[PDB]
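Data first, discussion second: the structure below is written as structure tokens.
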There are 2 protein chains.
Amino acid sequence: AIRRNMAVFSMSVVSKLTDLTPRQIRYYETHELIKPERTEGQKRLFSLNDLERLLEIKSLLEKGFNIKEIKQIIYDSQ
Amino acid sequence: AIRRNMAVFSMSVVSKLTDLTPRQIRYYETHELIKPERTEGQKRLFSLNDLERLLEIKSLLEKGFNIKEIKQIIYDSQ
DNA sequence: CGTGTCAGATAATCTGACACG
DNA sequence: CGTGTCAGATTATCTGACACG
Ligand SMILES: [Ca+2]
């Protein structure tokens, strides 16, 4: 009943779910790889969709790909 | 992430999902109807099962039951 | 008795910049 | 150029106390 586009996870929980630091997660948003929702105080809130996109980035980073290369891939799989 | 016993939601998220104020939520804990995980800094983190538990409490209060009636309804056998 | 509300304290996340491999 | 760390700032949640239906 919690939908995959619902912003429900805070930084620290998302970081534990993904084994990525607050630093890496913020960096991928800076490079337009992801864009989580913000509370009114501008804190980030992640959805399950965000969860899946961060893991996608993690893997391709561990297959040796650049950030600029990962941009191409996440937006050309079709 | 759908480990139903995994603490993933902060107070404000649980609040919005349950339609209960943090005041109500913390009160039901102090009267031992729910006990959520804590970060090392003692903020609360709730699971999907916590969510179910809160919603149960909410509906039972809505039906006229005391806090101590509800504590019997939920615990003894499970 | 259960909740709203405000007060002070502490934790958590914010941006930005230097440093490192 | 991808990540760590440290500074300062603000937001979010903490406990506890007074009000009030
Ligand atoms: Ca928002």
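Below, chains carry the letters A, B, ... as their sequence lines are ordered, and counting in each starts from 1.
The CG atom of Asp50(A) sits 12.5 Å away from atom CE of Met6(A), with the distance rounded to the nearest 0.5 Å.
Between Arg26(A) and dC14(C) there is a side-chain polar atom (N or O) within less than 4.0 angstrom of OP1 or OP2. For the pair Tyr28(B) and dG2(C), the criterion of a side-chain N or O lying under 4.0 Å from OP1 or OP2 is not met. At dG2(D), one or more side-chain N or O atoms of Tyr27(A) fall inside 4.0 Å of OP1 or OP2 (strictly under the cut-off). Taking 4.0 angstrom as the limit, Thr39(B) places a side-chain polar atom (N or O) nearer than this to OP1 or OP2 of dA12(C). Using a 4.0 Å cut-off, no side-chain N or O of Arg38(B) falls inside it from OP1 or OP2 of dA12(C). In this structure, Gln42(A) does not reach the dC14(C) phosphate: none of its side-chain N or O atoms is under 4.0 Å from OP1 or OP2.
Using a 4.0 Å heavy-atom distance criterion, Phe65(A) is classed as making no nucleic acid contact. Within the 4.0 angstrom heavy-atom criterion, only backbone atoms of the sugar-phosphate kind lie near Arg44(B); the bases stay farther away. Within 4.0 Å of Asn66(B), counting heavy atoms only, lies no atom of the nucleic acid at all.
Nucleotides of DNA chain D nearest to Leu61(A) and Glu40(A) differ in position, and the one nearer the 5' end is that of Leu61(A). Between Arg23(B) and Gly41(B), the residue anchored nearer the 5' end of DNA chain D, judged by the nucleotide with its closest heavy atom, is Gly41(B).
Whole-Å rounding puts the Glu37(B) CD to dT13(D) P distance at 17 Å. The nearest whole Å value for the distance from the CD atom in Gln24(A) to the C1' atom in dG4(D) is 10 Å. Spacing between atom CG of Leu60(A) and atom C1' of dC1(D) amounts to 17 Å, rounded to whole angstrom units. Here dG4(C) presents its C1' atom at 14 Å from CG of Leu20(B), a figure rounded to the nearest Å. Rounded to an integer number of Å, the gap from CG of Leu45(A) to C1' of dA12(C) is 13 Å. Look at NE2 on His31(A): it is 11 Å from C1' on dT3(D), rounded to the nearest Å. Spacing between atom CD of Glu62(A) and atom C1' of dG2(D) amounts to 13 Å, rounded to whole angstrom units. Distance CD1 (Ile25(B)) to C1' (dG4(C)): 14 Å, rounded to an integer number of Å.
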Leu33(B) vs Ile67(B), side-chain contact (heavy atoms from CB on, under 4.5 Å): CA-CA, chis, key distance, verdict: CA-CA 8 Å; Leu33(B) 305 170; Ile67(B) 283 298; 3.8 Å; yes
Determine, stepwise, if the pair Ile70(A) / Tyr28(A) fulfils side-chain contact (heavy atoms from CB on, under 4.5 Å). CA-CA 10 Å; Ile70(A) 284 166; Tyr28(A) 312 139; over 6 Å; no
Quick one, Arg38(A) with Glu29(A), criterion salt bridge (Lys or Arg N to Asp or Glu O under 4.0 Å). Give me CA distance, side-chain angles, the key distance, then yes/no. CA-CA 12 Å; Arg38(A) 299 270 190 163; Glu29(A) 176 188 351; 3.2 Å; yes
Mind running salt bridge (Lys or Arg N to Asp or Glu O under 4.0 Å) on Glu37(A) and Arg44(A) for me, showing each step along the way? CA-CA 6 Å; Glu37(A) 215 146 293; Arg44(A) 283 167 189 87; over 6 Å; no
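Picking from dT13(D), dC1(D), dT3(C) the nucleotide with the shortest atom distance to the side chain of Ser10(B) gives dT13(D). Of the listed nucleotides (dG4(C), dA12(C), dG4(D)), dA12(C) has the atom at the smallest distance from the side chain of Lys43(B). Looking at the side chain of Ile67(A), the nearest of the listed nucleotides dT3(D), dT13(C), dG2(D) is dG2(D).
Using a 4.5 Å cut-off between side-chain heavy atoms of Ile, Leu, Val, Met, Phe, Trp and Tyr, with links allowed through other members, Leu55(A) and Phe65(A) fall into different hydrophobic clusters.
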